[PDB]
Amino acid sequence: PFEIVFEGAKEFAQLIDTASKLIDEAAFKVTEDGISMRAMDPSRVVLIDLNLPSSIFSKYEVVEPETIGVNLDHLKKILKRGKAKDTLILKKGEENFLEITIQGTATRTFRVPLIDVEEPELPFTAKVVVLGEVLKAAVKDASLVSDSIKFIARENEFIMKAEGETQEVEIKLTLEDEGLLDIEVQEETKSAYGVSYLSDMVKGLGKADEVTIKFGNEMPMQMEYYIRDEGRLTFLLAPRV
């Protein structure tokens, strides 16, 4: 059992919405230190890792640790009722359901039944930190133009393209551009990743959010952004499988 309160219902709704694009159900481990969730999509191409320390919640009371399983589509449907400034209260008692209350100027309560849900380390040579706007633009620009997007990183340049034979769209960044905050490269690095996976990964990403991307030559990419400074959502995406 526990009682957890998060200020900013919409933001929490965005995290769940994002995860639901990769998986239908997930297991959330709720301990005194915080909430964690790890999962791999059905295609075994992307791994999602979510960690929300108790420090980011305005109220965090856990009577007894527990791992609860939930259908993310059902959860998202309820959470989308929350406004940017609404407060979200999650309460779990002895029974198999989570009581969700959303309060702003008025209050609303819902139930989400629980379900039984069963089921990074690479030698990266490039690291970049960009504003979410750049990645959101990149995927929106690539969607129906190509199957994948080629990521290229050099000393003072980050490029997202797809060297091929179709109409070509490329986003280029240098440190002089506001979209690129940091770039560290050990050697020229290139890899390509699936466009539909990236579109899902950047779903609900804020345009002003700072996103760290780490990758290598023909290797997976690790994408990560923070939630309330201490929380974090991390993705590990295969370059090909």
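Throughout, we count residues from 1 along the sequence that is shown.
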Deposited-sequence gap flanked by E155 and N156: none
Going by the average Cα B-factor in the PDB entry, point out whether 75-83 or 129-137 comes out higher. 75-83
Taking only the CA atoms, which stretch has the higher mean B-factor in the record, 13-21 or 224-232? 224-232
From the entry's CA B-factor values, the highest among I213, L198, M40, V70 is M40
So, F28's CA B-factor, relative to its chain, sits in which third? The lowest
Of the three thirds of Cα B-factor ranks in this chain, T101 occupies the lowest
What third of its chain, lowest, middle or highest, does the C-alpha temperature factor of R111 fall into? lowest
Within this chain's modelled residues, let me know which third the CA B factor of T189 belongs to: lowest, middle or highest. middle
Assigned third (lowest, middle, highest) for the C-alpha B factor of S36: lowest
